[PDB]
Each structure stands twice: as C-alpha cells, then as structure tokens.
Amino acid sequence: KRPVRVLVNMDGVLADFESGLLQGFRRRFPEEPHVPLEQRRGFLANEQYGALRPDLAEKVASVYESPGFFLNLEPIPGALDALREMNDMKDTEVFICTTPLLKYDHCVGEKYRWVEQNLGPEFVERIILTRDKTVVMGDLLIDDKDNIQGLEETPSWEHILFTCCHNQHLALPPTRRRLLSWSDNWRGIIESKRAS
C-alpha cells in the first residue's frame, strides 16, 4: 500500500567528496604525503591523514572547509541518472539526507546550491539536513558511512551501505546489505521493502 520512502545520502553517494578532497589536497599541498583513494580506510579522511602525520589532519580539513569545496564536487558516477529514475518510480518517495559540517559556513548553503545545480530545483525541496539520521523516517537509507548512530535505537529504515573507497575493505555481517555502485540493483532492493 504505502509508498517506499528512500533516504539517499549526499557525500559519498551523490557527491564525490573523496575525489574532490584528494584533488584539492594535492593542488593545495603538493609537497605533502597524500592518501590515494584505493588506500582510504575509515569514514573520516582527516583522521587517516592525522594518523599519517598529526598536522595533516588540519591541512586536509582546511580543504573541505574552504569556500567552493562543496559547491564544486563532481557527481558520483551514475548518481544523477539513478536518482532521477528513482524519483520517477511510482509509489516511491526520495529525500536527500545529508550531515553538514559543524563548521557550517561554507557547507550548508553550498550543499543546497549543489543539489539545485546538479539535480534541479525539484530536488532542493527534498533536502533534509541533520546530524542525526536515526530520527528521519524512511524505509531505506543509502549511505556510505559504516556505523550510523543517533538517538533512535531502532531506526525505521534499513541501512544499505553504499560502496566507497573508504568502506570497500570493510567486512560486514551478511545481515548488512551493500550497494556496490549505482549500476548495482537498487531497484530490487526497493522492491524487497515494498514486499514487507
């Protein structure tokens, strides 16, 4: 009966944060050690750089804290096509669910403009900003972060782990489902939820 509501995360799922961060880092700090994408481990890139050398955490953070960083991210391959297709499905509801930096200044407005520019005004209406995704109601949350925590102990959604460089090597119990890319069968996953 109900439409299936799909919460789609922004960084790592629609917007290519990892590519944008590396390219920005190499351009700004061309003499510093970097972490190639294939070597990324763990959600927070600043913490990986920090573990390489403590001051690199602040340097890498200065890249994503800069004006224009979020504005100019390239889309994840296939994301715009998939989201448009998903959005057009009957009895299917799409929201974009994104966590802004606590340093919100050059992040929150740029995320709105990114959606307007890469997807369209129609998608801006479906943006949800939150630091706690567990209080947002949906059937699915497609998100590259491995451990999603918040105040709601049993969220209404099932978390589908979207594959990204930083979570590629992560071993998950078989109860946890992954989306390998937008070319993996996200449609079937949506149908699995309609069925229950």
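Quick note: we count residues from 1 along the sequence shown, nothing fancier.
- The stretch 174-182 shows the higher mean C-alpha B-factor when 5-13 is compared against 174-182 in the entry.
- Averaged over Cα atoms, the B-factor as recorded in the entry is higher for 85-93 than for the other of 70-78 and 85-93.
- Each of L37, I160, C164, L129 has a CA temperature factor in the record; the biggest one is found at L37.
- When the modelled residues of the chain are ordered by C-alpha B-factor, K133 sits in the lowest third.
- In the deposited entry, the Cα temperature factor of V63 places it in the middle third of its chain's modelled residues.
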